[PDB]
Amino acid sequence: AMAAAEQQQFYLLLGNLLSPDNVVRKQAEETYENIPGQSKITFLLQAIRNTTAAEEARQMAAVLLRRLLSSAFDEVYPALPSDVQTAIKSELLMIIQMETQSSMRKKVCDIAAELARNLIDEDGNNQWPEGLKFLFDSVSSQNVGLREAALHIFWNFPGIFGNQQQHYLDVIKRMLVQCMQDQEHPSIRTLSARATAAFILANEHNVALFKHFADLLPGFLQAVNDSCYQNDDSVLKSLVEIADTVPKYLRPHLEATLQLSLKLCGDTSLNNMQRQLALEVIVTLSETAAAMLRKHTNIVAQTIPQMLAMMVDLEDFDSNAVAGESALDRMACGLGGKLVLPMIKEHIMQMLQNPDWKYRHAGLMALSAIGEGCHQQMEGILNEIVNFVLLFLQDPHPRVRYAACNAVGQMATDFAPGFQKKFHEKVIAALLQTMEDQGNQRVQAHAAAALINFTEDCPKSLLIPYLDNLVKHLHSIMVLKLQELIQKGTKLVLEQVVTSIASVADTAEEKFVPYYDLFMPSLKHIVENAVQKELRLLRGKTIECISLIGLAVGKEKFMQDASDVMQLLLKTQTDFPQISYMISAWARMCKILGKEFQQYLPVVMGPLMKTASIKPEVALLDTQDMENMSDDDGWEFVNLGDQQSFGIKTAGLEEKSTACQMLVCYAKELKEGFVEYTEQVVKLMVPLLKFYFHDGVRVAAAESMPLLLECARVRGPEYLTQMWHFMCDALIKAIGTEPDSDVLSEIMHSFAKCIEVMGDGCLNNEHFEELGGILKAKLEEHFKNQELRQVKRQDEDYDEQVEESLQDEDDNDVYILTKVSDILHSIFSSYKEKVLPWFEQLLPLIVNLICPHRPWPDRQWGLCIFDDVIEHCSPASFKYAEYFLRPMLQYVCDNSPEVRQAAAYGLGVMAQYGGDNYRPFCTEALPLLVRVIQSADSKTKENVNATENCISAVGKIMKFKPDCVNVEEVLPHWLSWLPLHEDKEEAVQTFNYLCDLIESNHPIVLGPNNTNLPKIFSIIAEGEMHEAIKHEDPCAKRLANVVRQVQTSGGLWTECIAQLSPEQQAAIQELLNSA
Amino acid sequence: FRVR
Ligand SMILES: [Cl-]
Ligand code: NI
Ligand code: NI
C-alpha cells in the first residue's frame, strides 16, 4: 500500500485549500471534490488525528468532515468495510479523549454527534454503544474538558439513547442541573441551559418528561437573563424555540417566563435584536399556546404599551417600529379582538390626539395592525374611525399623512367588501383629492397605493356606478404625470397611478371597453419613453397595465394593438425585477389570443426556459448566520438540528415557479404548436421533481409530464416512447422520496395519467419491482399512522390542537390512498390479466383495507382496487376471489354510502366482465342489491350515487347474466328505478340496456298494450339532466330512434307526449333534432 | 374528481 504517501499528498491539499491566492485555492477545491467520499472520510479523520501537524490544516479537516457526514452520510459510511467503520468510531472518541485544544474538541464533538445520529436503527436503538458509554463516563469525569465534551455531544444530538427514559433519565437531569448551578465556570452554564432546551425540543410530546424536567426551568430563565445582560441572545433564542414548538413545558413557570420577557423587552440598555426576541416569546405564545396566555391577561395588557412604545421610536424591517406593529398584528390575531380591542382601543385614541407626531403616526399604524384580528369587533366603531383617519390626510406632519393613507388602504383590505359599499363616496373623494390637489408628491403616491387596495378588493358591482368619474380623474393624473416623465424623468406617482388604472380595469372587465382608447395610446408612450434603467419598475408596471387592460376588454378590442404590444414587449430585452412582469404579461396575451398566440412562441420560449432554469443559492454554516443576512430580506433560512441552518436565496424562487406554470399552460392550451419545444422542456422538468425548495416548482414539474406526452404523440409513438423514457424512472423515484403529501399526490396522479397515455408495455421489470416496493411502503405507512393516531388520542399531551393535526394527517393519508388506486387502475387497464402475478406482493396490504374493523375510506378504496381487478383482469381475477368476493357481497349493505357504491360497482362489473365462475354469486347479488335500492332515502344527495350504482349493477346482471336472474320479474321494478343522472357513466350503461330491451323482438319492457311507453318517455325526457350526451355517446342515437319510432303510432305518440311537462317535451325535441 |  501507498497510504502514508497518499496521506502526505492529502496534507499538501489541505494546505492549498487554505492558500491566500484563489488560483491554488480553486485548484485544491476542484481536486478535493473529485476524491471519493469513502477515501475522503479516512483522509480527513487521519488529518484530524495528527496533532503534531499544522493547527490550521487540522481545523480545515474538521469543518470538511463535519460537512461530509451532514451532506452525504449514505454515500460515504454504509459502503465502507466493517473494520474501517469500527476504526472510524473508536478513533473519533480517542480524538475527543486526548484533545487539549478547546476549538478542536468542540468540532470533533460535532463530528461524533453527527455520526451518532446516523447510527440509530428504525426500531429506535443505539448502534454505537461506545458513543453513549463515552458520554456517560465523561459526565462523571474529573477532566472538565470531558464534562464539556459530553455536554457538547448531547446538545448536538440529545436523542443519543434508546433507553433515555428507561434508565438514563435521572443521569441526564443530574448532569444538566450540576452544569447550570456551577457558577465557578462561564461557558458551561450557558451550554447547559441550551442543552436543556434542546433535550426538551427533542421530546415534543412527552408531558411526563416536561413535569420531570420542570425543576430546571427557573435555572434556565436565570441563564436567559444572565446571558442577555452579557450581549448573548443564544439562550433567549432557545426560549423562543420552546414557546414555538413545545410551550406546554413552560406552564409550571409561565408567570416567571412572561415577566422575564416583558422586563428584557422594556429594558432600554439592551440592543434592538434582544428586545425584539424577548417580545417574540409573548407573541409566539399567542399563536402556539393562546389558551395558556388567555389565563394571564395581566401580562398581555402590559405587552400593548411596550409594542406601542416601539412603534413611537421612529427617527427598516429590523427597526423597533416595524417589529412592534408586526407583533401587535400577530398578537391581535392570535388572541382575537374580543380580548385585544378593549386593551388597545383607548391607547390608540389617546395617541391620535397627542401633540407629538410620532404618537399620531404610531396610533394610525397600530390601527392598521389590529384590523386583521379585531375587525369583527371594530364594525360598530368603523364609521367614526374612517372620519377620524380621513382628517389625518390634512395633518401638519407629512409622515402622519402617509400613515393615514396606509390606514385607509389597510381598512379597504380588512373590512372588504362592506368598507367599499359604505365608504366609497368619502374615501374615493379624499384619495383622489390627495392624489390631484396635494402638493407633496409623497402623499399623492401613498394615496394612490390605498386606491389600488380599495379597488383590488371592491367587487365589480360596487365599482361600476362611479367608474366614469374614477377613470376621468385617473386619466387627468396619468396625462399630467406623463408630461413630467418626458421633461424631468419623475416616476414616483406615475408608478402607482398606472397600477391603479390596471386594478380598475381588472375589476371593471367589459365595463372598461369605452375607456380603452383613453389610456392605451398614453400607456404605449410610457413604455417607449421608459428605456432607461431607472424607469424599469415603471415599464414593468405599465406592461402589467396594458395586458390587464387587454384581458378585460377581450380578444376583439385588444386585437388591433396585440401585435404592437407583443413587438414592444420583446423590444425591452433588445434595449436593456422586470422579469416577473414580462412573464405574466405573456400569460395574459395567450389567455386573450387563444390558439393565435402560437405565432409568438419562438420569441417568448427563449426567456421562458431561461427563467424556469434559475439556480438557487445554497447556504449552510452553524448558529450566528441567520441573523447576519436579514438586510437582504430575500434570503430565507430553516432552523435544522445541531443549530446548523440551511438557507436559500428566496429571490428567484417565485419567478422560477411562475415560468414553470406557463410552460404547463402552453403544453395544454397550444398543444399543436408546442410540439417543437417538447424534448427541451422534458429535460427541464424531470430534475425539477426533486426541487425541495419550492413546492409549486415540483407541482408544475409533475403537471407537465402527461401534457408533454400528448404533444409527443403527434410526432409518432417512437418519439412518445423516448419522451416517456426520460421521465419514467424519475417519476417512480419521486413517489418513494417525496416528503409533501400534496406534492406526492400530484406526482402519483401524473404517473397514473402517463401510464394511461402510454398503454401496455410502458413499464420494464426494474420499474415494476421498484414500484411494488414503493407502493407496499406507502400502504405500510398508511396502517402505521392509523395505529399512531389511536395511541396519540389517549396520550397525556392530547388536546384541541393535536386533534386538529391528526384529522389533517388522516385526510392526507386518505388522499394518498386514492392516488395508489389511481396508479393501480391505469396499470390494470393497460396490462389486464398479465399483471396479476406482480399484484400478489400488494395483495396482503390491499386486502387489509377491506378488514371490517378498518375506517370506511379504507374499505371504500380497497374495494375500488378489487373492482379494477374484476373489470380489467378477468377471468383470471376469479383465482383471487378468496380475497374480495364474499366481502363485496357483504359490503353492499354497509353504513357508508361510499362503501356501498364500491361494492355495488364490483358486483356489476363481475356480471359484465367476470366470466362463468361468478354466475352463482351473480344470483346471490341481485336480492342484496334490490334491498339497498328499495331502502328509504336511497335517492337523497348522500345516497343517490350508491343507489344509482346498485340499479346499474342489477341491470348488468339482467343483461350479461340473464340465466342467473328472473329478468321478466325484475324488469318492471328496474324500469321504475330509472332514470339515473348523478353517475353519468352508469346513466349510459342503463340507457344502452333500455335500448336493447326496447329494440328486442320480444320487448316485454313496453308492457301489455305498450302501457310502459309514457314511463319510457319520462325516463328519456330526463335528457334535461345531461345524462345522455348527444355527441360521443352512440346511445343518444339509439334513444332517439326508439322515441321517433313511436311517432308512427299517432294516438300512442299523442298520449306519451301529453303526459310530459312543457320542459320535458322540449327535451324530447332537443334529443330528436340532435340524434 | 366524483369517484366510485
Ligand atoms: Cl412612513
Ligand atoms: Ni421504462
Ligand atoms: Ni319498486
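Each residue's number is its place along the chain shown, starting with 1.
Every residue, even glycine, has its Cβ placed from backbone N, Cα and C.
According to Swiss-Prot, the listed position annotated as phosphoserine out of A:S102, A:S805, A:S938 is A:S805. Note: the repeat 'HEAT 13' (A:510-553) comprises 41 helix, 0 strand, 3 coil (DSSP; helix = H, G, I, strand = E, B). Around the Cβ of A:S805 (phosphoserine), the number of neighbouring Cβ atoms within 10 Å comes to 13. Chain break remark: 7 residues absent between A:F576 and A:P577, end-to-end distance 13 Å (Cα atoms, rounded to whole Å). Note on the repeat 'HEAT 7' (A:253-288): residues 214, 217-218, 221, 224-225, 228-229, 231, 233, 236-237, 239-240, 243-245, 247, 296, 299-300, 302-303, 306-307, 309-310, 318-320, 323-324, 327, 330-331, 333-335, 627 of its chain, located 6 or more positions outside it, place their CB under 8 angstroms from a CB of the stretch.
Each of A:166-200, A:375-415, A:417-457, A:510-553, A:719-758 was scored by its Cβ pairs under 8 Å to the repeat 'HEAT 6' (A:209-245), and the highest score goes to A:166-200.
For the segment bounded by A:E315 and A:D316, where 14 residues are absent from the model, the Cα separation is 11 Å.
Tertiary neighbourhood of the repeat 'HEAT 11' (A:417-457): same-chain residues 379, 382-383, 386-387, 390, 393, 398, 401-402, 405-406, 408-411, 463, 466, 470, 473, 476-477, 490, 492-493, 495-497, 499-500, 503-504, 507, selected by CB-CB distance under 8 Å and a gap of 6+ residues from either end. Secondary structure of the repeat 'HEAT 1' (A:4-37), assigned with DSSP and counted as helix (H, G, I), strand (E, B) and coil, comes to 27 helix, 0 strand, 7 coil.
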